[PDB]
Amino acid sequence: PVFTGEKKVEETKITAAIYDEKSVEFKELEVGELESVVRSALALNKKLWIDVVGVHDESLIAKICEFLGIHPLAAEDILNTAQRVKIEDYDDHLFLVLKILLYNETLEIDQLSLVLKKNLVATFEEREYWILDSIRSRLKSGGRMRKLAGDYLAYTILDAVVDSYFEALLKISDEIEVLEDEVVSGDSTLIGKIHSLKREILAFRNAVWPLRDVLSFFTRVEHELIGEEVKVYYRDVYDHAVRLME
C-alpha cells in the first residue's frame, strides 16, 4: 500500500449517506473513522454511499478497503493517482478508476476511484468542492435516487463526470482556435499545413477511438461465434489497441 503524488493540503475526511426508499429519510452521519464504519454502518437493510475525500494516507484507506472488502489490488490502484482509466470485476465489487478535469487556472487532472458492491457505493476523491454537490442535492430531494440501488447511484456519478468532459472539450477547442489564429494571423499564412494535419489527426481519432470499444466486445461478451479458446487472441489485439493511445 504505497502512495505517490501529493494533492490535498488537508487531512482525510470520510462521510457516509444512508437512504431508505422514497421515504423522506437521508441519514448522513460524517462520523466514520475506521471503527465507526466496520461495525456501526452494517444494518444490511439500508442504502449506503461511503465518500472518502483524502487519498494521501496509505494506512487509512488500506484498512478502509479491508473494512469494505475491496480487494488489495484495487486498493493500491486507489493510491496510485496516476493510474489509467479502467474497470475491474472483483466480482462482489466493481472497481473503476476515473479522471476529473479541473480548470483551476492551468488544467489540473484529479483521480476519482469508484467501487460498487451489492447495495454499496464507495467513492474515493482527491479533493472536495466536486460535481458531487448535486449528487447530495438529488439525495436531498425525494426522487428516483433513493428508490433505486447502488447501481443507479454509480451511474449518476458517471453521468456527472462525463458531463464535465464536454466542458473541457469546449475550452480546449477555443484554445486551439486561439493558437491556430495567432499562428496563421501571425503573418505566416503560408501555413495551410495546419489543416492538412488537423484532418490527419481527426481521421485517426475516428478510426482508432471507437476501436478499443469494438475489440472489447469479443473480450467480455458470451457469444456462440467466438470459441472459449480464441479469447486469448482477441484480448491481445485489445491490449495492442490499448497501448496505441497510451
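Residue positions are given as counts along the sequence shown, with the first one as 1.
Averaging CA B factors per stretch from the PDB record, which one is higher: 39 to 47 or 201 to 209?
Looking at the recorded C-alpha B-factors, 39 to 47 comes out higher on average.
Between 183 to 191 and 217 to 225 (mean CA B-factor, as deposited), the higher
The deposited B-factors put 183 to 191 ahead on the C-alpha mean.
In this PDB entry, which of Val237, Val232, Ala16, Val9 has the top CA B-factor?
Highest C-alpha B-factor among the listed residues goes to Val9.
Where does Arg127 sit by CA temperature factor within its chain: lowest, middle or highest third?
As the PDB entry reports it, the C-alpha B-factor of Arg127 lands in the middle third of its chain.
Against its chain's modelled residues, does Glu105's Cα B factor rank lowest, middle or highest third?
Highest third.
How does the C-alpha B factor of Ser113 compare with the rest of the chain: lowest, middle or highest third?
Lowest third.
Splitting the chain's C-alpha B-factors into thirds, which one does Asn119 fall into?
Ranked within chain, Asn119 CA B lands in the highest tercile.
Ranking every modelled residue in this chain by its Cα temperature factor as given in the entry, which third contains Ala241?
Its C-alpha B-factor, which the entry lists for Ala241, ranks in the lowest third among residues of this chain.
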